[PDB]
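If you read the protein sequences in the order shown, they are chains A and W. Under our numbering, the letters of the first sequence match residues 4 to 125, in that order. Under our numbering, the letters of the second sequence match residues 4 to 125, in that order. The beta-carbon is built from N, C-alpha and C at its ideal position, and this holds for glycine as well. Some notes on the structure that comes next.
There are 2 protein chains.
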Amino acid sequence: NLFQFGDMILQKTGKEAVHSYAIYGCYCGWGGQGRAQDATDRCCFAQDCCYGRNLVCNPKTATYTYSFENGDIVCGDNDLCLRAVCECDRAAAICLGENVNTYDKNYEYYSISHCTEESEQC
Amino acid sequence: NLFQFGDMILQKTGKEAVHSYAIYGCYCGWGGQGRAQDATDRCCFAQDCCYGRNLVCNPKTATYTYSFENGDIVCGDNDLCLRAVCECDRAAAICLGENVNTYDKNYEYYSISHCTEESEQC
């Protein structure tokens with residue numbers, strides 16, 4: 004779920020999602036359309052795509068089992084959904100941490116008056 | 004997609020989700036666990052469950068068709084995935100509007116230090 008994805012993001016980036024990623028760009032925040040603004044936004048799009056690879060999961064409610072193990076994120080579930088959701092979140096958090104170098108605060112709240120040009124495609 | 008949900012919320016409440024619901028409680032913002040804090044938070048948890056009902060569907064990318072005409076949100080799609088996500092969003096937006104009277108700014112950023120209780124069950 005988002006609480007967990009938030010904790011993974013904290014671990015990889017040092018940021019609290021609700022003060023940063025939660026409102027960022029066209030894909031990290033309340034978006035899902037428009038042009039992905041930069042590498043950070045493209046991570047959030049990639050997560051969207053990743054969630055889309057399996058069918059009859061609910062990433063909003065999926066409370067998976069994971070831990071931090073020597074700075075890795077390890078997804079503990081044997082099933083399909085909880086594990087798949089966890090692996091997508093681990094991937095997205097990793098990706099975000101790789102791209103904190105281009106994190107640009109001017110993409111905060113960008114969806115208010117942008118994100119209207121054609122959407123990214125998985 | 005969330006950009007559209009945000010527009011439905013703007014239509015119904017005049018709030019910008021990114022400055023409000025996006026970070027509110029345990030279910031509108033970055034939670035998906037813990038208890039639902041108030042009527043606003045319950046609307047968002049209800050939306051999560053509503054999304055979960057919808058198989059073979061990625062709500063993050065689902066760009067549906069809808070119009071906002073004379074009070075009413077009308078979902079135009081026949082596409083099963085788009086229609087249903089559109090109906091979940093429309094229900095949630097109307098629910099948030101109905102409960103704006105108890106919106107409590109103290110639930111903004113609540114997920115950081117709370118939301119660890121046993122979760123709501125669909």
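Rounded to a whole number of angstroms, what is the C-alpha to C-alpha distance between residue i and residue j?
{"i": "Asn57(W)", "j": "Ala87(W)", "result": "7 Å"}
{"i": "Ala94(W)", "j": "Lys15(W)", "result": "11 Å"}
{"i": "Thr105(W)", "j": "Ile26(W)", "result": "16 Å"}
{"i": "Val21(A)", "j": "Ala42(A)", "result": "19 Å"}
{"i": "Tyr69(A)", "j": "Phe6(A)", "result": "12 Å"}
{"i": "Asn61(A)", "j": "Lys108(A)", "result": "30 Å"}
{"i": "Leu85(A)", "j": "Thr66(A)", "result": "7 Å"}
{"i": "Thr119(W)", "j": "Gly37(A)", "result": "34 Å"}
{"i": "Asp82(A)", "j": "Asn73(W)", "result": "46 Å"}
{"i": "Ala39(W)", "j": "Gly100(A)", "result": "30 Å"}
{"i": "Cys125(W)", "j": "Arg45(W)", "result": "11 Å"}
{"i": "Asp80(A)", "j": "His117(A)", "result": "38 Å"}
{"i": "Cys31(W)", "j": "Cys47(W)", "result": "5 Å"}
{"i": "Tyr54(A)", "j": "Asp75(W)", "result": "31 Å"}
{"i": "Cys29(A)", "j": "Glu121(W)", "result": "32 Å"}
{"i": "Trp33(A)", "j": "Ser114(A)", "result": "7 Å"}
{"i": "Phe71(W)", "j": "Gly35(A)", "result": "20 Å"}
{"i": "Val59(A)", "j": "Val59(W)", "result": "6 Å"}
Would you list the residues sitting across from residue i in a DSSP beta bridge?
{"i": "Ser70(W)", "result": "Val77(W)"}
{"i": "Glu121(A)", "result": "According to DSSP, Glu121(A) bridges with nothing at all."}
{"i": "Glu111(A)", "result": "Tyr27(A)"}
Name the two residues that bound the continuous alpha helix (DSSP H) containing residue i.
{"i": "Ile97(A)", "result": "84-101"}
{"i": "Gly32(W)", "result": "Element bounds for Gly32(W): n/a, residue is neither H nor E."}
{"i": "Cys47(A)", "result": "42-54"}
{"i": "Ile12(A)", "result": "5-16"}
Among the options, which has the Cα closest to the Cα of residue i?
{"i": "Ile97(A)", "options": "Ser116(A), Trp33(A), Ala49(A), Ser122(A)", "result": "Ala49(A)"}
{"i": "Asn4(A)", "options": "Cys78(A), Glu123(A), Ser114(A), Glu101(A)", "result": "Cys78(A)"}
{"i": "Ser23(A)", "options": "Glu111(A), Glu121(A), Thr119(A), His117(A)", "result": "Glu111(A)"}
{"i": "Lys18(A)", "options": "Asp75(A), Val103(A), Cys29(A), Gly34(A)", "result": "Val103(A)"}
{"i": "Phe8(W)", "options": "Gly28(W), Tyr113(W), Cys29(W), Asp51(W)", "result": "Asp51(W)"}
{"i": "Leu13(W)", "options": "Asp80(W), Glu121(W), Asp92(W)", "result": "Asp92(W)"}
{"i": "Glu123(A)", "options": "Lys63(W), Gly28(W), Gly34(W)", "result": "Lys63(W)"}
{"i": "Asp10(W)", "options": "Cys89(W), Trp33(W), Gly34(W)", "result": "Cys89(W)"}
So with Cβ pairs under 8 Å, would you call residue i a contact of chain B?
{"i": "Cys46(W)", "result": "The chain labelled as chain B is not found among the protein chains of the depicted structure, namely A and W."}
Near-chain W residues of the region 69-103 of chain A (beta-carbon distance less than 8 Å), N- to C-terminal order: none
Residues of the region 13-36 of chain A with Cβ closer than 7 Å to any Cβ of chain W, in chain order: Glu19, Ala20, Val21, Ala25, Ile26, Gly32, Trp33, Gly34, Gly35, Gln36
Contact residues within the region 108-122 of chain W, judged by C-beta distance below 8 Å to chain A: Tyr112, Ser114, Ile115, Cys118, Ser122
Chain A contacts from the region 50-63 of chain W (Cβ-Cβ distance under 9 Å): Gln50, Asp51, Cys52, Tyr54, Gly55, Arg56, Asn57, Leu58, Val59, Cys60, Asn61, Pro62, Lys63
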